[PDB]
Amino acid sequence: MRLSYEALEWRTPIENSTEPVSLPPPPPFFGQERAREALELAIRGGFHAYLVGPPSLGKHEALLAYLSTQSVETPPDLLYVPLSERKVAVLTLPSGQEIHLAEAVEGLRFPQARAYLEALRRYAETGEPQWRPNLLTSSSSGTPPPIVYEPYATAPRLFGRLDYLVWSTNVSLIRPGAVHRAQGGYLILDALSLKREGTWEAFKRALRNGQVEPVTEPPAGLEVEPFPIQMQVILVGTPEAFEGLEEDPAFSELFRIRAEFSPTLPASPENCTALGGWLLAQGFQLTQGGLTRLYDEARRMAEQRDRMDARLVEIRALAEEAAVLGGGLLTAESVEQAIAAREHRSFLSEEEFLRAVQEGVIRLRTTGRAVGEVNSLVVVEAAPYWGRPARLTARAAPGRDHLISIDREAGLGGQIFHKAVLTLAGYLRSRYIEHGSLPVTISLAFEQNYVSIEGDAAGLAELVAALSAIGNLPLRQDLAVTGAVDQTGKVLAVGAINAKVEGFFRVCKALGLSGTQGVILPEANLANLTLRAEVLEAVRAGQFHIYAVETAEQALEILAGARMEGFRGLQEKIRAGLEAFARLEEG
């Protein structure tokens, strides 16, 4: 099927582009119901939790805002009291009550502070010439609760520190750490910091056994008693940051509540609207057209017409660059030009590539017809992931049912690439059985490929090239091909479909558009096509064409300009090539 411009258009119409947007701020965790409900359960139960999702989602900011609105009983006074001259314990009194027990002490009613005083009893008995309590923290309301985010999870920052007054130390030189500041509230840490700082094991001991030991230096130290920890801990990281941790059975025992962010949201008016109020709350001066373009770029970032990228921080960053190009104002134009300027800043590699193609240094065809050749499409695996055409050839000779991937044999192709070649072999052997095993040897090459290549998305290009070489069928060179194939010859979805289409358009444009150029791709990728304006306009102009197919043979038909049947069709030509190859091989 031909995809009309109307079928391809995906962008949101803009009405009144320059009108200022006025919208209220959405709540924390909008569109992230799963994670919000997980966290509510952790708050309700007192459970420790972990927040998981890809980078730049705004997980930390959403979490601090959600915690900001909570309420808890005012946290107790928190202090170190000596039980000895080499021993200390961590103690809570009801809030404020510290300053009174301190002044009573500062002399020379507190049922909780028993052991401190008992043990505070023989300077008189021996003239025996370091003793007053050490307030770590206090506060006036548990609303908001204590919220301590410590991004740098070293032992001293987690657990506090012993200072040394020349060498001596005592109860009053013990400084608190994040764990101490987070009591009666929330401690937030990054999974990655716990790993990198080597503090995961000591952090477990703190939570499993109440062992919280201030950091010392390798003279003579104070013993610090364990203490019942009163805090909720929330770890933050990516799916991958957590896999180190999840191989420790203790991780699951301690961190029961998974709060997982989706990398995308539904592309809905409600989510557009929420995006708008969020941007306004961040301080942007936003116009309707500016909101619309940012929303649609989020859909394009997701490569899904019906979903949008949920990475609020990436959206904000693009908006910040747009705001500069609009002189402080976030407009449709400013966003389109921020996007263009990102591509320009990263375009050197493609400009070198296109120049090499124009010069004939890389040999590519974008017009005419040839047997056993086709433009497939690849993506370069360095950000921002440009797509390019790659010339592929297939050559057929009389022989013993061999399909040879030259790139794979030379060590350039990977396991999935290899798998796609094997799959085609399975299709071809079983599809053409009249001569027993296939009387051809077929060799496939990515002609100017010098790098490792991986994936199954050249399967369609390979199979059509192969059928073309078997049948001596000239194929159009103005249509590039992308698609995976299964053993039955159906065409399957591929990735990076926008970059691929746009990459072939870019080469066609640099070599001069013929008016008949285009791309054959999987029907299964229709919902991923969120093509840039320039390709859409070319397709609207009849200057570029997109075909969607379900089977390999459908692709061959388009490329060879005939049907498989209605014989004089392709199938009889294919069968005739195979008979010719079998006569050369046998007789």
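Counting begins at 1, following the sequence as shown.
Peer 1: From residue 121 to residue 122, how many deposited residues does the entry skip: none, 1 to 3, 4 to 9, or 10 or more?
Peer 2: Gap between residue 121 and residue 122: 4 to 9 unmodelled residues.
Peer 1: How many residues that are in the deposited sequence but not in the model lie between residue 166 and residue 167: none, 1 to 3, 4 to 9, or 10 or more?
Peer 2: Unresolved stretch here: 4 to 9 residues.
Peer 1: Which is higher on mean Cα B factor in this entry, 472 to 480 or 398 to 406?
Peer 2: Averaged over C-alpha atoms, the B-factors run higher in 398 to 406.
Peer 1: Give the stretch, out of 110 to 118 and 230 to 238, with the larger mean C-alpha temperature factor in the deposited entry.
Peer 2: Mean B over CA atoms: larger for 110 to 118.
Peer 1: Tell me, please, which of 85, 260, 296, 343 has the highest C-alpha B factor according to the deposited entry?
Peer 2: Result of the comparison over 85, 260, 296, 343: 85.
Peer 1: Looking at 306, 247, 320, 201, which has the highest Cα B-factor in the entry?
Peer 2: Most elevated C-alpha B-factor of the set, per the entry: 247.
Peer 1: Tell me, lowest, middle or highest third: where does the Cα B factor of residue 243 rank within its chain?
Peer 2: According to the entry, residue 243 has a C-alpha B-factor in the chain's highest third.
Peer 1: Residue 314: which third of its chain by C-alpha temperature factor?
Peer 2: Ranked within chain, residue 314 CA B lands in the middle tercile.
Peer 1: Which third of the chain does residue 415 land in by C-alpha B-factor: lowest, middle or highest?
Peer 2: Middle third.
Peer 1: Sorting the chain's CA B-factors, does residue 131 end up in the lowest, middle or highest third?
Peer 2: Tercile = highest for this residue's CA B-factor.
Peer 1: For residue 544, does the deposited CA B-factor place it in the lowest, middle or highest third of the chain?
Peer 2: Middle third.
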